[PDB]
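J.: For reference, the file input-v1.cif (mmCIF, C-alpha atoms and all ligand atoms) is included below:
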```cif
data_upload
#
loop_
_atom_site.group_PDB
_atom_site.id
_atom_site.type_symbol
_atom_site.label_atom_id
_atom_site.label_comp_id
_atom_site.auth_asym_id
_atom_site.auth_seq_id
_atom_site.Cartn_x
_atom_site.Cartn_y
_atom_site.Cartn_z
ATOM 1 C CA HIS A 4 0.930 -48.074 -36.865
ATOM 2 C CA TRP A 5 3.511 -48.874 -34.173
ATOM 3 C CA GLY A 6 3.096 -48.043 -30.511
ATOM 4 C CA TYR A 7 3.739 -49.389 -27.023
ATOM 5 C CA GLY A 8 0.514 -51.327 -26.605
ATOM 6 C CA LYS A 9 -0.034 -55.082 -26.431
ATOM 7 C CA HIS A 10 -0.980 -55.281 -30.089
ATOM 8 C CA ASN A 11 1.486 -52.801 -31.595
ATOM 9 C CA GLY A 12 4.298 -52.684 -29.050
ATOM 10 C CA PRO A 13 8.091 -53.347 -29.280
ATOM 11 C CA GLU A 14 7.494 -57.104 -29.812
ATOM 12 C CA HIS A 15 5.659 -56.404 -33.069
ATOM 13 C CA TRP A 16 7.990 -53.776 -34.546
ATOM 14 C CA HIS A 17 10.049 -56.279 -36.553
ATOM 15 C CA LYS A 18 7.142 -56.925 -38.948
ATOM 16 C CA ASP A 19 7.244 -53.396 -40.371
ATOM 17 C CA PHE A 20 10.886 -52.683 -39.485
ATOM 18 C CA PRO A 21 13.023 -55.867 -39.953
ATOM 19 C CA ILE A 22 16.057 -53.940 -38.670
ATOM 20 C CA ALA A 23 14.506 -54.404 -35.205
ATOM 21 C CA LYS A 24 16.372 -57.707 -35.140
ATOM 22 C CA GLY A 25 19.602 -56.130 -36.382
ATOM 23 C CA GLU A 26 23.202 -56.310 -35.186
ATOM 24 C CA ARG A 27 23.429 -52.931 -33.414
ATOM 25 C CA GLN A 28 20.057 -52.240 -31.816
ATOM 26 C CA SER A 29 19.409 -50.030 -28.769
ATOM 27 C CA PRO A 30 18.850 -49.784 -25.888
ATOM 28 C CA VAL A 31 21.134 -52.249 -24.075
ATOM 29 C CA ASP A 32 21.961 -53.138 -20.490
ATOM 30 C CA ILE A 33 25.193 -51.545 -19.343
ATOM 31 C CA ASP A 34 27.165 -54.058 -17.301
ATOM 32 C CA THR A 35 29.564 -51.829 -15.354
ATOM 33 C CA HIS A 36 31.972 -54.690 -14.688
ATOM 34 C CA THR A 37 32.558 -55.704 -18.290
ATOM 35 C CA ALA A 38 32.562 -52.169 -19.701
ATOM 36 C CA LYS A 39 36.054 -51.336 -20.928
ATOM 37 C CA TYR A 40 37.757 -48.267 -19.482
ATOM 38 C CA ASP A 41 39.314 -46.542 -22.488
ATOM 39 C CA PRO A 42 41.986 -43.980 -21.513
ATOM 40 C CA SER A 43 42.125 -42.602 -25.075
ATOM 41 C CA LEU A 44 38.544 -41.340 -24.783
ATOM 42 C CA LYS A 45 38.693 -37.545 -24.735
ATOM 43 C CA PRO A 46 36.314 -35.498 -22.579
ATOM 44 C CA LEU A 47 32.957 -34.421 -24.015
ATOM 45 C CA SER A 48 32.545 -30.871 -25.238
ATOM 46 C CA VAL A 49 28.990 -29.562 -24.894
ATOM 47 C CA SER A 50 28.512 -26.078 -26.361
ATOM 48 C CA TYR A 51 24.866 -25.173 -25.757
ATOM 49 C CA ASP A 52 25.363 -21.461 -24.990
ATOM 50 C CA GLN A 53 23.771 -20.259 -28.263
ATOM 51 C CA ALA A 54 20.964 -22.826 -28.368
ATOM 52 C CA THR A 55 17.697 -21.670 -29.949
ATOM 53 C CA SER A 56 14.582 -23.673 -29.072
ATOM 54 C CA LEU A 57 11.590 -23.219 -31.390
ATOM 55 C CA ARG A 58 8.654 -25.395 -30.361
ATOM 56 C CA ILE A 59 7.404 -28.377 -28.414
ATOM 57 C CA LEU A 60 5.248 -31.051 -30.026
ATOM 58 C CA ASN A 61 3.287 -34.146 -28.944
ATOM 59 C CA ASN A 62 3.884 -36.676 -31.727
ATOM 60 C CA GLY A 63 1.829 -39.579 -30.437
ATOM 61 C CA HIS A 64 4.705 -41.428 -28.779
ATOM 62 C CA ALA A 65 6.533 -38.698 -26.824
ATOM 63 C CA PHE A 66 6.923 -34.916 -26.850
ATOM 64 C CA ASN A 67 9.710 -33.317 -28.859
ATOM 65 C CA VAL A 68 11.397 -30.008 -28.049
ATOM 66 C CA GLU A 69 12.797 -28.807 -31.391
ATOM 67 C CA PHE A 70 15.763 -26.508 -32.022
ATOM 68 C CA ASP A 71 17.019 -24.384 -34.886
ATOM 69 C CA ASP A 72 19.846 -26.438 -36.460
ATOM 70 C CA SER A 73 20.629 -24.267 -39.522
ATOM 71 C CA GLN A 74 23.966 -23.207 -37.962
ATOM 72 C CA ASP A 75 26.408 -24.508 -35.312
ATOM 73 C CA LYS A 76 24.407 -23.004 -32.419
ATOM 74 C CA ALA A 77 24.243 -25.926 -30.000
ATOM 75 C CA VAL A 78 26.875 -28.575 -30.673
ATOM 76 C CA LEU A 79 28.460 -31.678 -29.198
ATOM 77 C CA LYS A 80 31.983 -32.822 -29.972
ATOM 78 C CA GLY A 81 34.928 -34.554 -28.366
ATOM 79 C CA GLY A 82 34.386 -37.757 -26.441
ATOM 80 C CA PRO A 83 34.287 -40.710 -28.877
ATOM 81 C CA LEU A 84 33.184 -38.409 -31.693
ATOM 82 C CA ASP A 85 34.946 -37.226 -34.823
ATOM 83 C CA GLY A 86 33.556 -33.953 -36.095
ATOM 84 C CA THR A 87 30.802 -31.656 -34.876
ATOM 85 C CA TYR A 88 27.272 -32.824 -34.146
ATOM 86 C CA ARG A 89 24.340 -30.372 -34.050
ATOM 87 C CA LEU A 90 21.474 -30.533 -31.567
ATOM 88 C CA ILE A 91 18.177 -30.961 -33.418
ATOM 89 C CA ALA A 92 15.770 -31.977 -30.647
ATOM 90 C CA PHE A 93 15.272 -33.801 -27.364
ATOM 91 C CA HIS A 94 12.613 -36.073 -25.894
ATOM 92 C CA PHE A 95 12.119 -38.377 -22.920
ATOM 93 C CA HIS A 96 10.941 -41.936 -22.306
ATOM 94 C CA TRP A 97 9.159 -42.537 -18.994
ATOM 95 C CA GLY A 98 7.189 -45.124 -17.079
ATOM 96 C CA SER A 99 3.819 -45.515 -15.408
ATOM 97 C CA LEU A 100 5.635 -45.932 -12.080
ATOM 98 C CA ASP A 101 8.931 -44.626 -10.679
ATOM 99 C CA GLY A 102 10.606 -48.040 -10.968
ATOM 100 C CA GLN A 103 10.666 -48.130 -14.765
ATOM 101 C CA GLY A 104 10.885 -45.685 -17.639
ATOM 102 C CA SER A 105 14.502 -45.606 -18.795
ATOM 103 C CA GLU A 106 15.530 -47.507 -21.906
ATOM 104 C CA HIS A 107 19.151 -48.193 -21.006
ATOM 105 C CA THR A 108 19.690 -49.953 -17.703
ATOM 106 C CA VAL A 109 22.833 -50.007 -15.550
ATOM 107 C CA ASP A 110 23.509 -53.463 -14.106
ATOM 108 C CA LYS A 111 19.839 -54.158 -14.796
ATOM 109 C CA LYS A 112 18.718 -51.144 -12.740
ATOM 110 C CA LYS A 113 15.923 -49.109 -14.376
ATOM 111 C CA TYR A 114 15.473 -45.367 -13.816
ATOM 112 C CA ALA A 115 12.246 -43.336 -13.732
ATOM 113 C CA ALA A 116 12.937 -41.808 -17.147
ATOM 114 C CA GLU A 117 15.607 -41.110 -19.742
ATOM 115 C CA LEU A 118 16.329 -37.932 -21.679
ATOM 116 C CA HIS A 119 17.649 -38.175 -25.230
ATOM 117 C CA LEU A 120 19.358 -35.164 -26.802
ATOM 118 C CA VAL A 121 19.589 -35.966 -30.533
ATOM 119 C CA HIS A 122 22.417 -34.561 -32.687
ATOM 120 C CA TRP A 123 23.431 -35.113 -36.328
ATOM 121 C CA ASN A 124 26.901 -35.102 -37.950
ATOM 122 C CA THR A 125 27.352 -31.764 -39.762
ATOM 123 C CA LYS A 127 29.587 -33.430 -42.348
ATOM 124 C CA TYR A 128 26.368 -34.753 -43.894
ATOM 125 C CA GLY A 129 24.546 -31.460 -44.447
ATOM 126 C CA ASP A 130 21.154 -32.315 -42.948
ATOM 127 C CA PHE A 131 19.457 -34.803 -40.624
ATOM 128 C CA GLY A 132 17.907 -36.761 -43.490
ATOM 129 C CA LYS A 133 21.264 -37.621 -45.011
ATOM 130 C CA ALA A 134 22.898 -38.217 -41.613
ATOM 131 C CA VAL A 135 20.509 -41.154 -41.060
ATOM 132 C CA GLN A 136 22.045 -42.903 -44.090
ATOM 133 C CA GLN A 137 25.457 -43.077 -42.415
ATOM 134 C CA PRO A 138 26.849 -45.396 -39.684
ATOM 135 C CA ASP A 139 28.237 -42.369 -37.822
ATOM 136 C CA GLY A 140 25.389 -40.015 -38.684
ATOM 137 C CA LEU A 141 23.963 -39.433 -35.210
ATOM 138 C CA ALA A 142 25.108 -38.883 -31.633
ATOM 139 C CA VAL A 143 22.560 -39.166 -28.841
ATOM 140 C CA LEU A 144 23.323 -38.001 -25.305
ATOM 141 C CA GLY A 145 21.329 -40.112 -22.852
ATOM 142 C CA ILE A 146 20.688 -38.835 -19.339
ATOM 143 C CA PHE A 147 18.952 -40.834 -16.605
ATOM 144 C CA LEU A 148 16.302 -39.254 -14.375
ATOM 145 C CA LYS A 149 15.700 -40.412 -10.824
ATOM 146 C CA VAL A 150 12.941 -39.253 -8.467
ATOM 147 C CA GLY A 151 14.146 -37.002 -5.655
ATOM 148 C CA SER A 152 14.544 -33.224 -5.548
ATOM 149 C CA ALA A 153 13.036 -31.018 -8.246
ATOM 150 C CA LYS A 154 15.092 -29.923 -11.243
ATOM 151 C CA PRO A 155 14.476 -26.151 -11.574
ATOM 152 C CA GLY A 156 15.628 -26.156 -15.185
ATOM 153 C CA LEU A 157 12.884 -28.625 -16.115
ATOM 154 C CA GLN A 158 9.850 -26.713 -14.793
ATOM 155 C CA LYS A 159 9.465 -24.651 -17.963
ATOM 156 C CA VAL A 160 8.918 -27.887 -19.922
ATOM 157 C CA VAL A 161 6.635 -29.306 -17.233
ATOM 158 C CA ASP A 162 4.421 -26.203 -17.312
ATOM 159 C CA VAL A 163 3.741 -26.177 -21.051
ATOM 160 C CA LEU A 164 2.655 -29.847 -21.216
ATOM 161 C CA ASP A 165 -1.010 -28.950 -20.640
ATOM 162 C CA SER A 166 -1.208 -27.139 -23.994
ATOM 163 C CA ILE A 167 0.103 -30.158 -25.935
ATOM 164 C CA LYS A 168 -1.852 -32.903 -24.165
ATOM 165 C CA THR A 169 -2.950 -34.800 -27.277
ATOM 166 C CA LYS A 170 -1.262 -36.147 -30.400
ATOM 167 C CA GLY A 171 -0.560 -33.517 -33.025
ATOM 168 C CA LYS A 172 -0.618 -30.470 -30.766
ATOM 169 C CA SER A 173 2.364 -28.138 -30.655
ATOM 170 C CA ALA A 174 3.246 -24.843 -29.010
ATOM 171 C CA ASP A 175 5.894 -22.178 -29.453
ATOM 172 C CA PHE A 176 8.713 -22.910 -27.019
ATOM 173 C CA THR A 177 11.504 -20.380 -27.393
ATOM 174 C CA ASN A 178 14.366 -19.357 -25.136
ATOM 175 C CA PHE A 179 14.616 -22.714 -23.363
ATOM 176 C CA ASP A 180 18.166 -23.457 -22.209
ATOM 177 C CA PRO A 181 19.008 -27.202 -22.336
ATOM 178 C CA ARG A 182 22.056 -26.627 -20.109
ATOM 179 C CA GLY A 183 19.617 -26.750 -17.194
ATOM 180 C CA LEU A 184 19.151 -30.493 -17.824
ATOM 181 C CA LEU A 185 22.811 -31.582 -17.489
ATOM 182 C CA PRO A 186 24.197 -33.418 -14.459
ATOM 183 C CA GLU A 187 27.304 -32.119 -12.684
ATOM 184 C CA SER A 188 29.691 -34.698 -14.185
ATOM 185 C CA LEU A 189 30.208 -35.586 -17.828
ATOM 186 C CA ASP A 190 31.634 -39.105 -17.277
ATOM 187 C CA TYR A 191 30.062 -41.531 -19.737
ATOM 188 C CA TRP A 192 29.757 -44.938 -21.379
ATOM 189 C CA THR A 193 29.690 -45.170 -25.179
ATOM 190 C CA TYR A 194 28.788 -47.845 -27.736
ATOM 191 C CA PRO A 195 27.446 -48.050 -31.328
ATOM 192 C CA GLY A 196 23.669 -48.444 -31.543
ATOM 193 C CA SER A 197 20.391 -47.279 -33.076
ATOM 194 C CA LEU A 198 17.345 -45.071 -32.614
ATOM 195 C CA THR A 199 15.048 -46.728 -30.080
ATOM 196 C CA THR A 200 11.856 -45.991 -32.009
ATOM 197 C CA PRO A 201 11.002 -46.919 -35.611
ATOM 198 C CA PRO A 202 12.602 -46.685 -38.126
ATOM 199 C CA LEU A 203 15.238 -47.936 -35.614
ATOM 200 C CA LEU A 204 18.098 -46.810 -37.854
ATOM 201 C CA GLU A 205 21.571 -48.007 -36.935
ATOM 202 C CA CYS A 206 23.456 -44.703 -37.172
ATOM 203 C CA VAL A 207 23.864 -43.834 -33.529
ATOM 204 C CA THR A 208 26.909 -43.328 -31.366
ATOM 205 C CA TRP A 209 25.452 -43.505 -27.886
ATOM 206 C CA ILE A 210 26.894 -41.438 -25.060
ATOM 207 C CA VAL A 211 25.166 -42.330 -21.794
ATOM 208 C CA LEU A 212 26.115 -40.216 -18.804
ATOM 209 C CA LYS A 213 26.946 -42.033 -15.589
ATOM 210 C CA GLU A 214 25.389 -39.423 -13.269
ATOM 211 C CA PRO A 215 21.586 -39.179 -13.323
ATOM 212 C CA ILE A 216 19.715 -35.934 -12.628
ATOM 213 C CA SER A 217 16.930 -35.911 -10.060
ATOM 214 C CA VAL A 218 13.427 -34.575 -10.660
ATOM 215 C CA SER A 219 10.526 -34.358 -8.222
ATOM 216 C CA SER A 220 7.614 -36.759 -8.086
ATOM 217 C CA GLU A 221 5.374 -33.824 -9.076
ATOM 218 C CA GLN A 222 7.459 -33.102 -12.188
ATOM 219 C CA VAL A 223 7.415 -36.700 -13.406
ATOM 220 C CA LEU A 224 3.681 -36.946 -12.635
ATOM 221 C CA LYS A 225 3.055 -34.241 -15.233
ATOM 222 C CA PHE A 226 4.638 -36.398 -17.959
ATOM 223 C CA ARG A 227 2.119 -39.168 -17.227
ATOM 224 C CA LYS A 228 -0.827 -36.866 -17.929
ATOM 225 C CA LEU A 229 -0.002 -36.623 -21.640
ATOM 226 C CA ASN A 230 -2.050 -38.637 -24.129
ATOM 227 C CA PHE A 231 -1.091 -41.059 -26.922
ATOM 228 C CA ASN A 232 -4.433 -40.476 -28.650
ATOM 229 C CA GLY A 233 -5.509 -37.444 -30.620
ATOM 230 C CA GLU A 234 -8.243 -35.067 -29.487
ATOM 231 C CA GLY A 235 -11.739 -36.534 -29.610
ATOM 232 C CA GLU A 236 -10.527 -40.091 -29.048
ATOM 233 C CA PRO A 237 -10.702 -42.355 -25.960
ATOM 234 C CA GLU A 238 -8.043 -41.353 -23.447
ATOM 235 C CA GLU A 239 -4.878 -43.462 -23.591
ATOM 236 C CA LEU A 240 -2.322 -42.065 -21.136
ATOM 237 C CA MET A 241 1.206 -41.663 -22.483
ATOM 238 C CA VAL A 242 3.218 -43.874 -20.126
ATOM 239 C CA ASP A 243 5.741 -46.692 -20.607
ATOM 240 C CA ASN A 244 6.947 -45.380 -23.962
ATOM 241 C CA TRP A 245 10.253 -47.258 -23.642
ATOM 242 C CA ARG A 246 11.811 -50.204 -25.489
ATOM 243 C CA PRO A 247 13.281 -53.118 -23.520
ATOM 244 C CA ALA A 248 17.022 -53.895 -23.649
ATOM 245 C CA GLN A 249 18.293 -55.568 -26.822
ATOM 246 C CA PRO A 250 21.106 -58.163 -27.160
ATOM 247 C CA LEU A 251 24.566 -56.615 -27.168
ATOM 248 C CA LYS A 252 25.807 -59.112 -29.791
ATOM 249 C CA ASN A 253 29.300 -58.265 -31.050
ATOM 250 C CA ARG A 254 29.725 -54.890 -29.363
ATOM 251 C CA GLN A 255 31.855 -53.523 -26.555
ATOM 252 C CA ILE A 256 30.755 -50.721 -24.248
ATOM 253 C CA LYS A 257 33.580 -48.360 -23.345
ATOM 254 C CA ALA A 258 33.765 -46.127 -20.281
ATOM 255 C CA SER A 259 35.520 -42.766 -20.064
ATOM 256 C CA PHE A 260 36.063 -43.305 -16.341
ATOM 257 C CA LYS A 261 37.478 -45.861 -13.962
HETATM 258 HG HG HG B 301 22.618 -45.416 -40.620
HETATM 259 ZN ZN ZN B 302 14.660 -41.706 -27.282
#
```
Do you think you could lay out the structure here as structure tokens?
T.:
Amino acid sequence: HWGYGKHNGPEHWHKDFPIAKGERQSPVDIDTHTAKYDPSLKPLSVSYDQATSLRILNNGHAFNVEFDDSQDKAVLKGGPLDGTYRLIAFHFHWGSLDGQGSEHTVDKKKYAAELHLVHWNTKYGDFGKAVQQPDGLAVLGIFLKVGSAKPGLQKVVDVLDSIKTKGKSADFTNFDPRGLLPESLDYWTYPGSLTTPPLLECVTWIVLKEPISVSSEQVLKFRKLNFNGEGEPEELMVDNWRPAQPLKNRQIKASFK
């Protein structure tokens, strides 16, 4: 099926998912000089204090840390959002080298990686129905730059060995996602889509201005994961990011000046 290789990469996705050439595709380049400062944008409210992580899984294109979303345990609200959005999972996109890896770019600048915390609008009952609505999802995007180590990320880094190949999973409880947030919650927001097939256009993107730094050693661990399943030729999981898409008729708003 789809992937990030020469023969099944982002350029080929449109054949199986025509929406790839849609009107509100992600990611996009964030031009800081044309972004519109919107003073009506309220601050973000991140309530992750009762978060309950369950397991981590290598799905062939990234690794997913899944959470229990049967109750308002870890929620996002405020900002450009109407209603409460529940955290269901998070994953990253990274590169083969420190100079690439993020999906969104800021004034064309690429970061080493990008964290996506996926949430769904509780008004819709479950994730499956949320993806049928234009305001069904809210994804918090956080940039990662190489520098000092992020203590709160080591727990994830350490378990990667047990889920090296596609299909493997491991129990991953008591992980606190608050350890992955930057100091400031200033952000840019725009209407977009999931960046991997089915590329559904139900996402309200909230990209934080301030990146978090991780050590070279931490990011190196990501690059040791495999795309392939066990007993198959080794294909390192690197460059699992989609290039910027045309903004078309959309305006990116900023919560800061
Ligand atoms: Hg949708
Ligand atoms: Zn993503």
J.: Select the residues contacting ligand HG 301 (chain B) at a distance of at most 9 Å, based on all atoms listed in the file, then format the selection as a VMD selection string.
T.: chain A and resid 134 to 141 197 204 to 207
J.: Give me the result of the PyMOL selection byres (((chain A and resi 167-169) around 10) and not hetatm) on this file, residue by residue, as a PyMOL selection string.
T.: chain A and resi 59-63+66+163-166+170-174+226+228-236+238-241
J.: With a distance cut-off of 8 Å and only C-alpha atoms, select the neighbouring residues of stretch 89-96 of chain A, excluding the residue or stretch itself and same-chain residues fewer than 4 positions from it, and output the selection as a ChimeraX atom specification.
T.: /A:65-72,75-79,104-106,116-125,243-245
J.: Which neighbours of residue A:109 fall inside 8 Å, counting only C-alpha atoms, when residues of the same chain fewer than 6 positions from it are skipped, and could you give them as a list in words?
T.: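 Near neighbours after the sequence-gap exclusion: residues 32, 33, 34 and 35 of chain A.
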J.: So which residues touch residue A:183 within 10 Å, counting only C-alpha atoms, skipping near sequence neighbours fewer than 2 positions away, as a PyMOL selection string?
T.: chain A and resi 154-157+179-181+185-186
J.: With C-alpha atoms retained, write the just-selected residues as a compact mmCIF listing (two decimals), in the frame of the given file.
T.:
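Wrote it out as again_26.txt, contents follow:
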```txt
# COMPACT_ATOMS: atom_id res chain seq x y z
CA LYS A 154 15.09 -29.92 -11.24
CA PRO A 155 14.48 -26.15 -11.57
CA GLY A 156 15.63 -26.16 -15.18
CA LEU A 157 12.88 -28.62 -16.11
CA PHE A 179 14.62 -22.71 -23.36
CA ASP A 180 18.17 -23.46 -22.21
CA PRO A 181 19.01 -27.20 -22.34
CA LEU A 185 22.81 -31.58 -17.49
CA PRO A 186 24.20 -33.42 -14.46
```
J.: Find the distance between atom CA of residue A:10 and atom CA of residue A:145 and write it in Å to one decimal.
T.: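 Distance between the two atoms: 27.9 Å.
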J.: Using the chain letters and numbers from the file, which residues does the PyMOL selection byres (((chain A and resi 23) around 10) and not hetatm) grab, as a compact mmCIF listing (two decimals) with C-alpha atoms, keeping the file's coordinate frame?
T.:
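In the end it all went to out.txt:
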```txt
# COMPACT_ATOMS: atom_id res chain seq x y z
CA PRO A 13 8.09 -53.35 -29.28
CA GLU A 14 7.49 -57.10 -29.81
CA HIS A 15 5.66 -56.40 -33.07
CA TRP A 16 7.99 -53.78 -34.55
CA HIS A 17 10.05 -56.28 -36.55
CA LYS A 18 7.14 -56.92 -38.95
CA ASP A 19 7.24 -53.40 -40.37
CA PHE A 20 10.89 -52.68 -39.48
CA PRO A 21 13.02 -55.87 -39.95
CA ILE A 22 16.06 -53.94 -38.67
CA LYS A 24 16.37 -57.71 -35.14
CA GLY A 25 19.60 -56.13 -36.38
CA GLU A 26 23.20 -56.31 -35.19
CA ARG A 27 23.43 -52.93 -33.41
CA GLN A 28 20.06 -52.24 -31.82
CA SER A 29 19.41 -50.03 -28.77
CA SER A 197 20.39 -47.28 -33.08
CA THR A 199 15.05 -46.73 -30.08
CA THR A 200 11.86 -45.99 -32.01
CA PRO A 201 11.00 -46.92 -35.61
CA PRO A 202 12.60 -46.68 -38.13
CA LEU A 203 15.24 -47.94 -35.61
CA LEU A 204 18.10 -46.81 -37.85
CA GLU A 205 21.57 -48.01 -36.94
CA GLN A 249 18.29 -55.57 -26.82
```
J.: Which residue out of A:36, A:192, A:150, A:74 has the minimum interatomic distance to residue A:130 when all atoms listed in the file are used?
T.: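 Ranking A:36, A:192, A:150, A:74 by distance to residue A:130, first place goes to A:74.
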J.: How many Å separate atom CA of residue A:219 from atom CA of residue A:152?
T.: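 If I compute the distance from atom CA of residue A:219 to atom CA of residue A:152, I get 5.0 Å.
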J.: When you count only C-alpha atoms, which of these residues is closest to residue A:184: A:58, A:259, A:51, A:208?
T.: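 Among A:58, A:259, A:51, A:208, it is A:51 that comes nearest to residue A:184.
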J.: From the set A:225, A:64, A:246, A:257, which residue has the shortest atom-to-atom contact distance to residue A:193, counting all atoms listed in the file?
T.: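 Looking at the shortest contact to residue A:193, the residue is A:257.
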J.: Rounded to one decimal place, report the atom CA of residue A:47-atom CA of residue A:189 distance in Å.
T.: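 Taking atom CA of residue A:47 and atom CA of residue A:189, their separation equals 6.9 Å.
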J.: With the file shown as input, list the residues that the PyMOL selection byres (((chain A and resi 102) around 9) and not hetatm) selects, as a PyMOL selection string.
T.: chain A and resi 98-101+103-104+112-115
J.: Which of these residues is nearest to residue A:142, using all atoms listed in the file: A:190, A:162, A:111, A:87?
T.: A:87
J.: Ranking A:178, A:37, A:255, A:222 by minimum distance to residue A:209 and counting all atoms listed in the file, which one comes first?
T.: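 That would be A:255, the residue with the smallest distance to residue A:209.
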J.: What would stretch 227-244 of chain A look like with N, CA and C atoms in place, written as a compact mmCIF listing (two decimals), in the frame of the given file?
T.:
```txt
# COMPACT_ATOMS: atom_id res chain seq x y z
N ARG A 227 3.13 -38.11 -17.15
CA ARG A 227 2.12 -39.17 -17.23
C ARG A 227 0.70 -38.73 -17.55
N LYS A 228 0.48 -37.42 -17.62
CA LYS A 228 -0.83 -36.87 -17.93
C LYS A 228 -1.01 -36.65 -19.42
N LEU A 229 0.07 -36.79 -20.19
CA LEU A 229 0.00 -36.62 -21.64
C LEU A 229 -0.79 -37.78 -22.25
N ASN A 230 -1.27 -37.61 -23.47
CA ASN A 230 -2.05 -38.64 -24.13
C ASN A 230 -1.39 -39.13 -25.41
N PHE A 231 -1.59 -40.41 -25.71
CA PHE A 231 -1.09 -41.06 -26.92
C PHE A 231 -2.06 -40.69 -28.05
N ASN A 232 -3.34 -40.76 -27.72
CA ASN A 232 -4.43 -40.48 -28.65
C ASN A 232 -4.54 -39.01 -29.06
N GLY A 233 -5.27 -38.79 -30.14
CA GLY A 233 -5.51 -37.44 -30.62
C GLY A 233 -6.79 -36.95 -29.96
N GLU A 234 -7.05 -35.66 -30.07
CA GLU A 234 -8.24 -35.07 -29.49
C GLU A 234 -9.50 -35.74 -30.04
N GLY A 235 -10.50 -35.91 -29.18
CA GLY A 235 -11.74 -36.53 -29.61
C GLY A 235 -11.65 -38.04 -29.74
N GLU A 236 -10.71 -38.64 -29.03
CA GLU A 236 -10.53 -40.09 -29.05
C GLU A 236 -10.46 -40.53 -27.59
N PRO A 237 -10.74 -41.82 -27.32
CA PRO A 237 -10.70 -42.36 -25.96
C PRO A 237 -9.33 -42.06 -25.36
N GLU A 238 -9.30 -41.69 -24.09
CA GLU A 238 -8.04 -41.35 -23.45
C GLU A 238 -7.13 -42.55 -23.19
N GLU A 239 -5.92 -42.45 -23.73
CA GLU A 239 -4.88 -43.46 -23.59
C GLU A 239 -3.68 -42.68 -23.04
N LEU A 240 -3.42 -42.81 -21.74
CA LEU A 240 -2.32 -42.06 -21.14
C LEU A 240 -0.97 -42.45 -21.72
N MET A 241 -0.13 -41.45 -21.94
CA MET A 241 1.21 -41.66 -22.48
C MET A 241 2.15 -42.03 -21.34
N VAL A 242 2.34 -43.33 -21.16
CA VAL A 242 3.22 -43.87 -20.13
C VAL A 242 3.86 -45.14 -20.70
N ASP A 243 5.01 -45.52 -20.15
CA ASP A 243 5.74 -46.69 -20.61
C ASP A 243 6.08 -46.67 -22.10
N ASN A 244 6.57 -45.53 -22.56
CA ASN A 244 6.95 -45.38 -23.96
C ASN A 244 8.45 -45.69 -24.12
```
